[PDB]
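Heads up, the thing below is written out as structure tokens.
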Amino acid sequence: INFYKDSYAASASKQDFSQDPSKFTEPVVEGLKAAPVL
Amino acid sequence: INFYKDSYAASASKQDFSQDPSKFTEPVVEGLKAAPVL
Amino acid sequence: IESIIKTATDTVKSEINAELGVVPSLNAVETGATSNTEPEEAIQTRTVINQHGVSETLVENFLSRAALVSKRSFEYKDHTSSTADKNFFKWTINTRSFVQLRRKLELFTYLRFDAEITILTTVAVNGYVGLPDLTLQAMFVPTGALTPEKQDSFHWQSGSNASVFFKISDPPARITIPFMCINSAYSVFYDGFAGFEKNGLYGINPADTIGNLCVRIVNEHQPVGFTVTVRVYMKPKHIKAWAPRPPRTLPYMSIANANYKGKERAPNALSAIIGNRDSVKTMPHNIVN
Amino acid sequence: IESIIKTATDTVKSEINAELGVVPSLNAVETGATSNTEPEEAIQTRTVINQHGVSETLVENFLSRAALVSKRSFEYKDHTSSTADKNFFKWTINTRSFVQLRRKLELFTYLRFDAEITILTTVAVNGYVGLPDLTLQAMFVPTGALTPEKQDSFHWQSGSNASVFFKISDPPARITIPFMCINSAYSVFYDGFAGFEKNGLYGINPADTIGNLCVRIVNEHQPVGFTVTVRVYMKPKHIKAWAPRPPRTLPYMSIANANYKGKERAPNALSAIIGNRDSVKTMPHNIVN
Amino acid sequence: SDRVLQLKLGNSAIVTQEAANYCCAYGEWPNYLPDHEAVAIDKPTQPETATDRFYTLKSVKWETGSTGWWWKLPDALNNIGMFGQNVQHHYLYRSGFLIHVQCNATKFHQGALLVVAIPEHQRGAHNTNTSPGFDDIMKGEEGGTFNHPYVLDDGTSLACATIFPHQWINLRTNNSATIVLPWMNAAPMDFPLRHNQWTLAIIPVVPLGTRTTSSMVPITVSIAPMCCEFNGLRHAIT
Amino acid sequence: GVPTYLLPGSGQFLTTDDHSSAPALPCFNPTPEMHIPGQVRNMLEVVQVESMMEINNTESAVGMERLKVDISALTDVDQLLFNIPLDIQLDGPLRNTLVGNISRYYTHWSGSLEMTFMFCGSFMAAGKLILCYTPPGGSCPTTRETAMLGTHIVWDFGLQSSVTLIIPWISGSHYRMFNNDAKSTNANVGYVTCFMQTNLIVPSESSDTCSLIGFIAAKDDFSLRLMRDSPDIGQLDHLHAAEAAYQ
Amino acid sequence: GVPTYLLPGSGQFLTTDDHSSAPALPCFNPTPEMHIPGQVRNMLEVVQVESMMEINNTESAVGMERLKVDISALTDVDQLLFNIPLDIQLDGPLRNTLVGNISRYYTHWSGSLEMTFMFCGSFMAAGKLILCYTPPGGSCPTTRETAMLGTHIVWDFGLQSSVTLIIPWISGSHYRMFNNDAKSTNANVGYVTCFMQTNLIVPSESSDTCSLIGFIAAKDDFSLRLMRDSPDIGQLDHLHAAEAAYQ
Amino acid sequence: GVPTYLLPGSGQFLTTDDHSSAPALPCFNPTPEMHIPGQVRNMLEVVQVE
Amino acid sequence: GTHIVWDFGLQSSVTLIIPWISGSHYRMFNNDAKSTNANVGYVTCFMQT
Ligand SMILES: COCCn1cc(-c2ccnc3c(NCc4ccc(OC(C)C)cc4)cccc23)cn1
Ligand SMILES: COCCn1cc(-c2ccnc3c(NCc4ccc(OC(C)C)cc4)cccc23)cn1
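So the protein lines, in turn, are chains A, B, C, D, E, F, G, H and I.
In my numbering, each residue carries its 1-based index in the first sequence increased by 127.
In my numbering, each residue carries its 1-based index in the second sequence increased by 127.
In my numbering, each residue carries its 1-based index in the third sequence increased by 1401.
In my numbering, each residue carries its 1-based index in the fourth sequence increased by 1401.
In my numbering, each residue carries its 1-based index in the fifth sequence increased by 150.
In my numbering, each residue carries its 1-based index in the sixth sequence increased by 221.
In my numbering, each residue carries its 1-based index in the seventh sequence increased by 221.
In my numbering, each residue carries its 1-based index in the eighth sequence increased by 31.
In my numbering, each residue carries its 1-based index in the ninth sequence increased by 1.
What follows is the structure in structure tokens.
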């Protein structure tokens, strides 16, 4: 329920389930094998 | 009337009329006759 | 076999029997089955079309009634000299302190439910000036979070704890708490020990720990003292229930255990649950004319 | 690669390995990548279908909880002889004064959010007569607008400032403030100086300046003094967050900087964050039976 | 017909010629944990016939003053055979049980035993505020005796105990009772040394009596774990 | 805005109300459901399970002795053995039963009852009993040729250990009340009486005295109405350690 | 108008509520969004990043010295090198870690952990270690032939510097608790122990003593539940210059 | 939320008002209806009797 | 070990199978009864009740 004119008034947005942890866990230029890694 | 985002907020669910009393009244492996029962 | 039952069963008319080899009134209790004798088999019956509903004994309806779970009174005053709940209290959340709710819940072995919480506040002047319209804060402190130590400690800033602020002049404060067990159901009874050593608590499943309820008055103290009483009501809802149990017969002794003593004499004595009659042939309320 | 994750991952059953040239438990930490060893590669596993949701660690849910940002008490009285907040106060808006909210926000480098503000008011009689149902005015004074100098100054006429008027007997006053940075995100940390000369403030991005909150009692003073406490709560919402950070370990010293001292001894001492054990071979809570 | 029964599990078999059907608790049968209910991600060991076999406990004497007897599961089996060894080396266990209770007498004897499997039989103490201690609860293979069978030692009642899975041995009618127990827990698996899912209770609601020459009338309990699984292999607690 | 007005009952706390209310923990995910044996969905499933009657509620019956009735060989014909008070509201053999305990959370009831008796003598013991239900209106019958005029079953002891007497729902009203006035026409059910039809006959090496266990359950025509606080439980004080939850 | 009534909970301030509220600045246009590196959307992405364990949490380890474990050549076989307490709630090597710090805002947890060890001796240093996880129930093993019975990896030092021990989620319940009672069956995870499998062997011109750095992260089967105030931070007083915001 | 304002007559108890109100006994099943002789539906039926 | 629990009843008789449990295809009828090529193990009877 949102009868206010400005959209920033709305209730919280708990629906964004997109993740990309590899930008923190694997920021290497060459992706690693699941051969030895070096 | 439920305008809350979480479904556990809803009012009570008084609509489940399924019963199976035989799981307490007749938990025998062989169902009994309506011959003598032993 | 599962079926949908909205009303009590109809009765069919029945005739005289006299069939050899058929004995529907004989049973074998040793099997553990309950008697399957129908009324039509025991007597000659008429036809009755039965319209009585069964909705009031639904487990949802039986349990989803708001009941008192906690009641605390404390002095709202300047506490500088007191030794006491100093404008706030902490409560370790449990369902075992008030026997009417406890006995109904203990009809089952496992329960899954969300908890509707209603918080009712009342105030009286200490031994009159009128009653103040105070603001209260209730804060839920989960396991391993720190409880407040003072009325004004920084724990009350509630950065991640859920708090509700409510006035005395408001309608009672209300919130729902989800089913929060780490298992799929609460263990209403627990034949086990809470810890990996031998000295842990018997009878309390660690999986069922809710946490602490912390309630303060937010106003600074007035020049005069008041007594404030907080009552907490729980209503289970969205209920599933498993494995029905023998009801409690002896008075409860403790919130911590099932210990029992009985009443000093029947009814509900340890030696005699039902009150005595003079003999097995005595009819106690026999009609005589 | 971005993907939509609603639940924790399933485990597949695994067999015995013994493959030459394949060493999934060996890794190279020097690359800066985290270990990619899967459980199925380290041990023989069963199949588990995993139904645990991940919604409670969403950044929106983690941060969008209302937390105390400001708390001010002032005397509501005739102030003609006082030297003091004379029925009003001014607050320079910041997120750094209460550590529980501060530490959660400081897990990130950049944040974009709208701020839901709840204003809770409480009153006590000075050392009793009953509590007055006062009207308050909160006025937002942006950068370069003039702040009020008195309880009754003409700045309170609020021709273009946003004001909210609220009673003590009301529910807490609530408003939303939009994301108002002159950049696309707030700088939670700022490795820079605010001015073009060398003497400007280190560590505060000028781009993030919100302004001042001015709160007065609107009633004229009564014949008796009261203490009024105003509590302001902020809830971030519609949150985007960038570049996660090492959490704060040492106690905060100042709202103005990251300065640190540590506790006098572990835990959270400057020389020892974790409390000591007797040796690297000592198990502190070892089960013994 | 259904007075004779044979039970075969592993290398063990039991025959009775005087059964009274048998009970499947709540109409369930034991099963292994399916993938859509599993929690622990390691591959379970499933020893099958090494564990899923009848173990016979020490017999108890039925005497005119007896209050009745109880055993807790898995506690009573945690030190027996390969079931005990798997229990001692694994953090987590799960199983059903097959319970077979044996008591025979002459056609001149009378007496009735209630044989009831109680889930989560959390015991109370009598006439004290102090909760039962570890040695009051964890009796192992020997089991315990009821203090106040009339209230099931839990302040409830014997009279309503028929709400639980049960049979009777009525000496006139039958000489054995059989109850099949599914896994009965709020979690899918449990630590076997700190929680008991089931208590077997045997209570003499009608006392043993006769006017023949007296003999020792024993009650014997045989229990087969069913569909045993173990997770979290480590050194034996033992 | 919407023009509105408040009704009577605004702001009340009714303990049986049914509304949605604010979730205190947003985005909380409850533990996945798991199948558990023995789900109950209606309390009527519980009262259909038979449970022992405390028929021997006499002084000099202690504990378990109260759940059985002892029968002996008699030397006079047609003798009365026992009677069962049928008032579920007043304290008696039916109160501490599954049907009894659940029904006492309700005020109104309807439908038939079954009593089952198990004979627990020796195999060599023989006998016939008559079990009679008398509809209400008069005194409980004390002689067999009076009790015989009501609803009854004649029970022969044999290989089948147990007999059922149905107590049929015979009532002018749709419901009866659990009324403390047991003589009220809205409450009184009548009586169950047991007589010798023949005799208990046993050889010398059997025990001369044999026991019955009585059981009661509701049939599936049974209904309960108007929920109330059960008078079975109460507290006069705080329980032990209830104060310690505040410390 | 519409007839209405107020429910319990009317007018309350619940800090986790979720409603729209009045915009104080009408027609305000927020700054256009700009792409920024490193957006996080779930806190589970952070706990999957490995971070150093404070394994050497001993007196006479100061600061950075607490983040490494020193290994020396031994003259006895099979010797214990170190153990790691696995209780995340109680203070120990795991607390000040990314997985540790984020998890302490929650009460319930599930799923597997990975420990990675990096050997930082010289190139000429050789050795084999055994890393063991013991599921809970007994004492922490003090001998290699006991620890060897649990989950383990045997690590050979080589060109790949680092080894992972997976700690698999082995639990009876769906979740564990971050419980201050570390011996609770709902909380205790068991133990990690490190033994010599062979020995540390080095030539004369290498340093005779070599270090391990231990790291921990969660795997992607990991879940957190029931948000709470983290016990890691607190204040006893106003911060410096917090009063000056009112002046 | 919805912006609202209270009218005159808000909170009054008018004895002839006609609103729904909160059921105190949820899921109560009233006794089945039975035909009874002599139902009256309008009081004008009574005043037509001499 | 391998066992049967025998209840006396209308059927007079019970069978215990001794299953062929051996490492080798055959055993020997060896006068050295303790030889691993010969020893079969034991049958024992106990009271169950
Ligand atoms: C058969 O029963 C065994 C299982 N079992 C369930 C519960 C239970 C669960 C959740 N809650 C409870 C409560 N709720 C108090 C409350 C909590 C948080 C609040 O939050 C506000 C401060 C924002 C308010 C009030 C009071 C009493 C009991 C409970 C206890 N045992
Ligand atoms: C990680 O954080 C770094 C970025 N950051 C965001 C904020 C912030 C933004 C907007 N507002 C805030 C507020 N709001 C007080 C308020 C303002 C106007 C009001 O208007 C009424 C008088 C009509 C009412 C209350 C209190 C505290 C903080 C804020 C501060 N720093």
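Note that the Cβ used here is the ideal one computed from N, Cα and C, for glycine as well.
is_contact[residue i, chain D] using C-beta, thresh 9 Å
i, result
"residue 130 of chain A", "no"
"residue 247 of chain F", "yes"
"residue 185 of chain E", "yes"
Chain E contact for residue i (CB, 9 Å cutoff)
i, result
"residue 149 of chain B", "yes"
Min CB distance residue i to chain A below 9 Å
i, result
"residue 34 of chain H", "yes"
"residue 241 of chain G", "yes"
"residue 1427 of chain D", "yes"
Residue closest to residue i, alpha-carbon to alpha-carbon, out of the options
i, options, result
"residue 1584 of chain D", "G/228, G/436, G/257", "G/257"
"residue 315 of chain G", "G/290, G/344, G/273, G/285", "G/273"
"residue 1636 of chain D", "D/1409, D/1560, D/1469, D/1599", "D/1469"
"residue 310 of chain G", "G/408, G/461, G/369, G/297", "G/408"
"residue 135 of chain A", "G/231, G/241, G/237, G/233", "G/241"
"residue 215 of chain F", "C/1473, C/1422, C/1607, C/1508", "Nothing in the structure corresponds to residue 215 of chain F, since chain F is present only between 222 and 468."
"residue 1462 of chain C", "B/129, B/159, B/144", "B/144"
Partner residues on chain E for residue i, Cβ-Cβ distance less than 7 Å
i, result
"residue 333 of chain G", "191"
"residue 258 of chain F", "175, 176, 178, 332, 334"
Below-9 Å beta-carbon distance, residue i vs any chain G residue
i, result
"residue 1502 of chain C", "no"
"residue 241 of chain E", "yes"
Chain F contact for residue i (CB, 9 Å cutoff)
i, result
"residue 360 of chain E", "yes"
"residue 165 of chain B", "yes"
"residue 166 of chain E", "no"
Residues bridged to residue i (per DSSP)
i, result
"residue 413 of chain G", "G/305, G/354"
"residue 1483 of chain C", "Looking at the DSSP assignment, residue 1483 of chain C forms no beta bridge with any residue, so it has no partner."
"residue 398 of chain F", "F/329"
"residue 432 of chain G", "G/291"
Short CB-CB distance (under 9 Å) between residue i and chain H
i, result
"residue 1469 of chain C", "no"
CB contact check: residue i to chain C, cutoff 9 Å
i, result
"residue 63 of chain H", "yes"
"residue 373 of chain E", "no"
Interface flag, residue i vs chain B, CB-CB below 9 Å
i, result
"residue 1435 of chain C", "yes"
"residue 286 of chain F", "no"
"residue 265 of chain F", "yes"
Amino acids of chain B, ordered along the chain, whose beta-carbon sits closer than 8 Å to that of residue i
i, result
"residue 320 of chain F", "Residues of chain B passing the Cβ test: none, with the nearest at roughly 12 Å."
9 Å Cβ cut-off: residues of chain C touching residue i
i, result
"residue 398 of chain G", "1544, 1545, 1583, 1607, 1608, 1610"
Proximal residues of chain C, C-beta to C-beta of residue i below 7 Å
i, result
"residue 272 of chain E", "1590, 1591, 1592, 1604, 1659"
Contact set between residue i and chain F, taken where Cβ atoms lie within less than 8 Å
i, result
"residue 1521 of chain C", "234"
Chain-ordered neighbours of residue i on chain G, where CB pairs are closer than 7 Å
i, result
"residue 339 of chain E", "393"
Residues of the stretch 438-454 of chain F whose Cβ lies closer than 7 Å to any Cβ of chain B, in chain order: Here the close residues number zero.
Chain B contacts from the stretch 302-319 of chain E (Cβ-Cβ distance under 8 Å): Cβ contacts with chain B: 313, 315.
Cβ-based contacts, 7 Å cut-off: residues of the stretch 352-380 of chain F near chain C: For the stretch 352-380 of chain F, the residues whose beta carbon sits under 7 Å from a beta carbon of chain C are, in order, 359, 360, 361, 372, 374.
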